[PDB]
Amino acid sequence: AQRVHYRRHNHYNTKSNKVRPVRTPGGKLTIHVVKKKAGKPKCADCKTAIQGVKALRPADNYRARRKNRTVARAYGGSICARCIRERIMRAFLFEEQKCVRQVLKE
Amino acid sequence: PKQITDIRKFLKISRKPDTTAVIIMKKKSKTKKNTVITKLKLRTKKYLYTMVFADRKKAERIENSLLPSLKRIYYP
Amino acid sequence: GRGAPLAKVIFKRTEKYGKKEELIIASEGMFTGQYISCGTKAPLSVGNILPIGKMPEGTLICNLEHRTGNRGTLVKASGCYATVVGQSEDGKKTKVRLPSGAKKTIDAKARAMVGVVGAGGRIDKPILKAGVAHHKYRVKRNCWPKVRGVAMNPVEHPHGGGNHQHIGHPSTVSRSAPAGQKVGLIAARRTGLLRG
Amino acid sequence: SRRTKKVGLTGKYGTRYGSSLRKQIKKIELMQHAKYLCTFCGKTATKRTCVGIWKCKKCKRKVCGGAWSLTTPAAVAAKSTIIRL
Amino acid sequence: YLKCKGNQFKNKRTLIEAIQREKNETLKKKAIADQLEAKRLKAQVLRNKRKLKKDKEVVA
RNA sequence: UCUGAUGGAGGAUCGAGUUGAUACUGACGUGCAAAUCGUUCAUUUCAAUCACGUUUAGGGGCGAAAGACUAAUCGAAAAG
RNA sequence: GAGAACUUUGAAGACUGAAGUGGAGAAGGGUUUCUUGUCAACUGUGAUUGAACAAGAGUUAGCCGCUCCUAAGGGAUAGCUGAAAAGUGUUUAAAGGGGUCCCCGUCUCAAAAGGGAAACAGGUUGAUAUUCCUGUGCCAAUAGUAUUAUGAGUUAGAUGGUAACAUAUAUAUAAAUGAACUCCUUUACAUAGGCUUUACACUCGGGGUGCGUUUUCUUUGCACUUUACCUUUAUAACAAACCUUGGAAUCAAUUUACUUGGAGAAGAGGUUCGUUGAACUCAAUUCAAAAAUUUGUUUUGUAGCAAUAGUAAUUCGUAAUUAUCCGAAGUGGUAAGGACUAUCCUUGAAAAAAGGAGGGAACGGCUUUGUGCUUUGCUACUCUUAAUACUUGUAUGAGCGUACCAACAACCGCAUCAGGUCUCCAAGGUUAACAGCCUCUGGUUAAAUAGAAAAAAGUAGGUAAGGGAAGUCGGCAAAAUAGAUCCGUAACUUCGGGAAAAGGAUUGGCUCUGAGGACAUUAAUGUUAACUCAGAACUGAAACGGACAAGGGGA
RNA sequence: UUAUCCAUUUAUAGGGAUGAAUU
Ligand SMILES: [Mg+2]
Ligand SMILES: [Mg+2]
Ligand SMILES: [Mg+2]
Ligand SMILES: [Mg+2]
Ligand SMILES: [Mg+2]
Ligand SMILES: [Mg+2]
Ligand SMILES: [Mg+2]
Ligand SMILES: [Mg+2]
Ligand SMILES: [Mg+2]
Ligand SMILES: [Mg+2]
Ligand SMILES: [Mg+2]
Ligand SMILES: [Mg+2]
Ligand SMILES: [Mg+2]
Ligand SMILES: [Mg+2]
Ligand SMILES: [Mg+2]
Ligand SMILES: [Mg+2]
Ligand SMILES: [Mg+2]
Ligand SMILES: [Mg+2]
Ligand SMILES: [Mg+2]
Ligand SMILES: [Mg+2]
Ligand SMILES: [Mg+2]
Ligand SMILES: [Mg+2]
Ligand SMILES: [Mg+2]
Ligand SMILES: [Mg+2]
Ligand SMILES: [Mg+2]
Ligand SMILES: [Mg+2]
Ligand SMILES: [Mg+2]
Ligand SMILES: [Mg+2]
Ligand SMILES: [Mg+2]
Ligand SMILES: [Mg+2]
Ligand SMILES: [Mg+2]
Ligand SMILES: [Mg+2]
Ligand SMILES: [Mg+2]
Ligand SMILES: [Mg+2]
Ligand SMILES: [Mg+2]
Ligand SMILES: [Mg+2]
Ligand SMILES: [Mg+2]
Ligand SMILES: [Zn+2]
Ligand SMILES: [Zn+2]
């Protein structure tokens, strides 16, 4: 079988220097360096993954499309939908209770 | 490179100010005989554009009506 | 390094638009999503922070200041608490009982938390392995293991030397001895098994 | 079948350390690895995550508690005292 | 499902035989219980029609 | 309380690499070598093992402790 | 060649045996590299050889690295101490800055394995190559003015879906206003265990081409039959999470293990991320029906890159032409991802940098009395990407490394020393096995010497009748045992062990019998695999873990 | 209480009665 060697400067097996062999048209095996995964963006309240956005390293995030980084609601791609529902209910119902308490002063 | 499957879009690209060459490739099919498959390729600044023609007659028409200032290159 | 847990608590800025962060030793019973109140008029409840002069007798407290405005020094290790044991006639002074059993009088305007320090009772598990103690002090400081002075040469220790591994000396030394000499039992009022 | 007569959970320790130390370890670790009722949501799904932190697998609240159990008696007594007032 | 998780059947053929036997028996029990229930229900109409036949005469 | 399966704990057990050095008191002892060679031994999920970087300087440092180690030099280094 | 055991060529016989004297790097060395010449000394025997001696050559980058960020830490500034030399480092600095008039808040160095804009394939030299050549791509930056084109909005800022969410395809998905201030996310993280998917690797059978054996046999043995980055690559498939409808005990769903539900389960129908990168008739092609969205098949294409390159063949001439490059499976070595379970008096970095949101400052233009606020018309103006022209200092891509060795004679050990010295790749048979033994690709046949003879004595080994520790301080040394399957195992005990206790039987080859799945026509028929396990007959100089590998036991 | 010593902070209101908060 054919054996391979590192083509780039790093010769150690770190997490940023992962490898994948590949077959070429000239008939030989060669090495190619693999990009690291990227964590998923997360909700600001319950720390759960936000639906509708891509997980990209910030270099690839910088040059990505505009619609791939956001959602169309009151808090977009920063707070999930369950949390927004509960926030709206809290706001309206607590204002109603405060206003009920205000009148009863007399 | 990119592929095009709309003839009108292909002819629109050919007339633009920075299209400088066409490639013509002729090649027998792998199934049978008398099957001159042809691809036509436009060299613009950014990409090659390739259109595939199964019909030698329609293809042969296409580059006849192609504007004279494009250099022509014959690979086969 | 520490055995007791920490609560991360967020207050709202009052001089300006913004938020601020605090780190506080957590008392047993606190939970995420709880509101605690700090001030001279806050209600008496577990986790609130109050001046010690507004607490009745018998209240269990932790995270106490021995001087006002000190930001807290006294009762801090896991499972520890103090007791309010006396309020002065004219205010200005409060008497407490400390975990070691000592009694102290404090300024009556000093602050403390109601309740006991969490994660208490962790010295009831036998350690049982040298590796467990290796992992315990690995994150504290370099103080483990310990060679005993009777197993050295005389150059390194007052106990060192000899043909039979003994001390040869009274092992209770005085409070005034110099630094290289205070090595056995320091200023011992008494030795032997305690019987009361 | 029943695989062990006496030692139960401490059979991972083999024959080391002496029998009485293994007995105390068994008593402590029976409490350490159990499940506790979450008073907030009703399910019995609270388990220890670190030496003082307890967490509910369903509703995901975190409660500060004891070292080997969720409550120690000394805190319960003081809470009852305050609530009585 | 719980039977198979407990190591009762070492083979596919044995499982098929066992489920067939159980199916026949649980069909037979239904076929006896349903007919008893129906026959028992029928005699409730005579008992509840002779009541009105008597009461249309004496009770008034 | 007993029987069968499932499951994968532990400073658990053999063992090649790696890290070491029990015996022959083997060879060599004008050596291949100012500590090597052969066979035989101990150790491998943990108080594990390596590499770079960095801190501690001589009556001082560092030591799971042998007066050990600190550039073939240590019951007090080396240069003048 | 004056002169060949140790220079070169051909033929033999052999070794390394992927844990290699095979490939590629770091520390260290510094021209040892290449071509030519060549022998005074050296190359512990010879030497025409050489890492020796002499002359001349050879190292090419926007994409590989440094250079940037911060870490354990180092040096400094204010102040303080000291005769100074020095020690320490906000211990009450009127410092450091950034934001356009305000607020924040010391400076600097320290990683060629941590963080981090961007590249691939083929060819080429005596000596360099992801750097040169050919072709195809990507990333970052690019003043002001004016014109011309690309799209969008308003007659002051666009829409669709019940919802989870979706929408700009212009050569190119570039534009969906948004100030002060504020809040989050990525960068960004331990260990153990099994389950699963996909690429690389290995193997079995068809088709083509070339080669080999051929006294006998052989529809036969070997070789080739290839396809990179990039196009948000489109689309398929799958583990998860969420939405609509629905309304659960005779509890259901479901994993190897598990896990989950009136805080809304099963069933039915949808949305998204991740993996992967032409899968799926995927795209064009209507033969005819359904539209002012359908059938077998229209037939093409290795989806573009792409055959024009690479490989194996047959050619004709002193650069020339042709034909192949395609059909179905299995095994589980290596790497990465996924959803999970469990452990800790152990809970397993930071910064540069990038993104999302809350809030609502300001604002339709061109000249139109005055002193930025007072008077008349048009309801073209506001963004966005590309190109051109002029004014501007000369309006793309800095500087440094790159040859070779890496021990086998290029490093350290006084040396061309059996020593020491960090990382990645890893074939076939036997087998539990990356062990031992034999082999293919690649590498070698060399060691400060050779020929003959063959006694004492030595060193590294192999046997020995009868006895069996009588030898010796002492069973020192050596023998005996050992793999796997099936039986059987005491005292004692902290009940976990002791335990492979002790002990007994079996094992080759050949010919057969039985057991364990998947799929499609309907219980009946048909196709189709992988590897283990259990029995029987026969057979041989009674042998069979046949070599290798591999516990002596007890009181 | 003014010398002297200690502590806290961005030296940020003179004493008594688990939504959001800024122009
Ligand atoms: Mg989106
Ligand atoms: Mg000693
Ligand atoms: Mg002394
Ligand atoms: Mg003693
Ligand atoms: Mg004495
Ligand atoms: Mg072990
Ligand atoms: Mg000797
Ligand atoms: Mg040795
Ligand atoms: Mg001694
Ligand atoms: Mg020689
Ligand atoms: Mg060999
Ligand atoms: Mg060998
Ligand atoms: Mg081997
Ligand atoms: Mg040379
Ligand atoms: Mg030469
Ligand atoms: Mg010589
Ligand atoms: Mg020279
Ligand atoms: Mg350069
Ligand atoms: Mg680079
Ligand atoms: Mg630092
Ligand atoms: Mg730096
Ligand atoms: Mg790096
Ligand atoms: Mg070279
Ligand atoms: Mg190169
Ligand atoms: Mg392709
Ligand atoms: Mg090189
Ligand atoms: Mg030297
Ligand atoms: Mg030598
Ligand atoms: Mg050497
Ligand atoms: Mg001999
Ligand atoms: Mg013999
Ligand atoms: Mg004999
Ligand atoms: Mg004797
Ligand atoms: Mg004798
Ligand atoms: Mg003796
Ligand atoms: Mg022996
Ligand atoms: Mg025994
Ligand atoms: Zn949320
Ligand atoms: Zn709960």
Side-chain angles (χ1 to χ4, degrees), chain C residues 1-120, chain D residues 52 63-66 71-85:
Chain C
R2 164 208 320 270
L6 294 182
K8 191 170 298 188
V9 57
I10 289 283
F11 296 87
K12 206 174 291 289
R13 281 178 190 273
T14 188
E15 65 183 1
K16 186 173 71 174
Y17 182 61
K19 308 182 109 156
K20 201 180 163 58
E21 166 66 28
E22 288 316 331
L23 292 175
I24 286 175
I25 312 282
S27 50
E28 199 183 342
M30 293 177 70
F31 62 96
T32 60
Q34 186 187 10
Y35 272 103
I36 61 165
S37 56
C38 301
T40 179
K41 292 177 71 68
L44 175 77
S45 175
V46 165
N48 290 357
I49 297 160
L50 270 62
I52 57 168
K54 308 205 152 303
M55 307 198 194
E57 305 287 341
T59 301
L60 301 195
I61 55 176
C62 78
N63 216 331
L64 183 145
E65 312 179 334
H66 82 274
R67 301 208 194 285
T68 317
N70 189 359
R71 305 193 72 174
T73 44
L74 273 195
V75 192
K76 301 195 139 190
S78 75
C80 283
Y81 65 81
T83 315
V84 182
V85 72
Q87 293 280 351
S88 188
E89 62 279 8
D90 51 279
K92 302 183 155 54
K93 280 290 160 186
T94 304
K95 195 173 177 168
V96 310
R97 182 163 156 255
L98 296 197
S100 58
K103 287 201 170 59
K104 196 184 262 290
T105 67
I106 311 286
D107 180 354
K109 280 168 156 161
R111 309 181 274 176
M113 184 180 288
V114 177
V116 301
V117 190
Chain D
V63 172
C64 175
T71 59
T72 78
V76 175
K79 186 178 187 53
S80 296
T81 288
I82 297 169
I83 301 299
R84 173 178 62 101
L85 298 189

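Letters go in sequence order (proteins before strands), and every chain restarts at 1. The figures here come from the full heavy-atom set of this structure, side chains too, leaving out hydrogens, waters and symmetry mates.
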(message) Can you give me the closest heavy-atom contact between C:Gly39 and C:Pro51, atom names plus distance?
(response) O-CD, 3.7 Å

(request) Kindly give the heavy-atom pair with the smallest separation between D:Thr72 and D:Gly66, and that separation in Å. (result) CG2-CA, 3.9 Å

(request) Write down the atom of C:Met113, the atom of C:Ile24, and the distance for their closest heavy-atom approach. (result) CE-CG2, 3.6 Å

(request) Can you measure from CD (C:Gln34) to OG (C:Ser45) and round to the nearest 0.5 angstrom? (result) 7.0 Å

(request) Considering non-hydrogen atoms only, spot the tightest contact between C:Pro43 and C:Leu50 and give its length. (result) O-CD1, 3.8 Å

(message) Let me confirm one number: the CG-NZ distance from C:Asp107 to C:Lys92, rounded to the nearest 0.5 Å.
(response) 9.5 Å

(request) Would you give the length of the straight line joining atom OG1 of C:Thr14 to atom NZ of C:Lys20, rounded to the nearest 0.5 angstrom? (result) 13.5 Å

Please list every donor-acceptor pair under 3.5 Å in which a side-chain atom of residues 74-82 of chain C meets a protein atom from a residue at least two apart or in another chain.
{"from": "C:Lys76", "atom 1": "NZ", "to": "C:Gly72", "atom 2": "O", "distance (Å)": "3.2"}
{"from": "C:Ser78", "atom 1": "OG", "to": "C:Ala119", "atom 2": "O", "distance (Å)": "3.3"}

(message) Please report the interatomic distance CD(C:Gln87) to CE(C:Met55), rounded to the nearest 0.5 Å.
(response) 9.0 Å

(message) Using every non-hydrogen atom in the two residues, find where C:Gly86 and C:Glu57 come nearest and quote the distance to one decimal.
(response) N-OE1, 2.9 Å

(request) To the nearest 0.5 angstrom, please state how far the CZ atom of C:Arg97 sits from the CG atom of C:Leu60. (result) 10.5 Å

(request) Kindly check if the number of other-residue, nucleotide or ligand heavy atoms within 6.0 Å of NZ (C:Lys93) is above 12? (result) yes

(message) Rounded at 0.5 Å granularity, tell me how far OG in C:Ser27 sits from CD1 in C:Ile49.
(response) 8.5 Å

(request) Check C:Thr40, C:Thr68, C:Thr94, C:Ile52 against C:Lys109 for a side-chain contact (heavy atoms from CB on, under 4.5 Å) and give me the one that passes. (result) C:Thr68

(request) Would you name the heavy atoms of C:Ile25 and C:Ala4 that are closest together and state the gap between them? (result) CG2-CB, 4.4 Å

(message) Is it the case that over 12 heavy atoms from other parts of the model lie below 6.0 angstrom from the CZ atom of C:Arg71?
(response) no

